[PDB]
């Protein structure tokens, strides 16, 4: 049972963007808070598109996953609005918005440690889900939200959260799934109901690619037919210049689901990259 928030206690402000079958708005919620004090809080209002109301059950059940879990890297739910004929979730408003937009705007000022920190934080969230045997199913840079920017005055890192997964791929049309290549793994295009924990390891690889590519969208130049063919031909994404991160991307985007690495191993690989290696590559041989 979601906490029910009266529409009279919600003010809908600017559009903040859109997801699959959804639109998001910035809102203000009026509530009685701790100590009976009336407060106003910024909120995210996520509205299921009128043209997609048949997915309402999957829309709410996906958000309920994050009501049952509490973790510092997971977006908070506040409740649902009794907004008449509208299916509307009231969630935490993350100040700096989605990571894909942020990476694109700030691609000049983001260094490798920033990227490693964000990737390690996402891997920490995903290890928590893995340990709970829960499948997200929609890991992408758009669904990663930036709580706080890096503070170069102190060395403090950025801080991210992962959003709820939205409507499950298990109910989505094939045409939608094809457009979601290469986030949706190859085995889930024809049979999305076969998704498993290995699904999220593939998508994590794609998301790490996004992080390393300044918010480019992989394979955006390929139409749906050519995206399908990319999987038929067993291609990998183009390597970022950071070779060790290219290796991790590709290890996660293994066409064999059972060979994709655990999130514990992913975290280990990321952690190792924080320590500089000043020995020239290939020094085991003398010329």
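Positions refer to the first chain, counted from 1. Heads up, when I say rigid core I mean the largest set of C-alphas that superpose within 1.5 Å between the two forms.
Do you reckon 257-265 or 59-67 strays further from the shown form in 4 other deposited structures of this protein, measuring C-alpha RMS after a core fit? Evaluated in 4 other deposited structures of this protein, the stretch farther from the shown form is 59-67.
State which stretch is farther from the displayed form on average in 4 other deposited structures of this protein, 174-182 or 82-90, counting RMS CA distance after fitting on the rigid core. Higher root mean square deviation of C-alphas in 4 other deposited structures of this protein is shown by 82-90.
Residue stretch of maximal mean CA temperature factor, 202-210 vs 95-103: According to the PDB entry, the answer is 95-103.
Quick one: higher average CA temperature factor, 80-88 or 186-194? Between 80-88 and 186-194, it is 80-88 that shows the higher mean C-alpha B-factor.
For the listed 134, 181, 110, 122, which has the peak Cα B-factor recorded in the PDB entry? Answer, based on the entry's C-alpha B-factors: 110.
Highest Cα B-factor in the deposition, which of 260, 46, 226, 39? By C-alpha B-factor in the record, 39 ranks first.
Residue 255 by Cα B-factor - lowest, middle or highest third of the modelled chain: Lowest third of the chain for residue 255's C-alpha B-factor.
Going by what the PDB entry lists, where does residue 151 fall on CA B-factor within its chain: lowest, middle or highest third? Middle third.
Using only modelled residues of the chain, where does the Cα B factor of residue 245 rank: lowest third, middle third or highest third? Ranked within chain, residue 245 CA B lands in the middle tercile.
Is residue 11 in the lowest, middle or highest third of its chain when residues are ranked by C-alpha B-factor? Its C-alpha B-factor belongs to the highest third of this chain's values.
According to the PDB entry, is the CA B factor of residue 266 in the bottom, middle or top third of its chain, that is, lowest, middle or highest? For residue 266, the deposited C-alpha B-factor lands in the lowest third.
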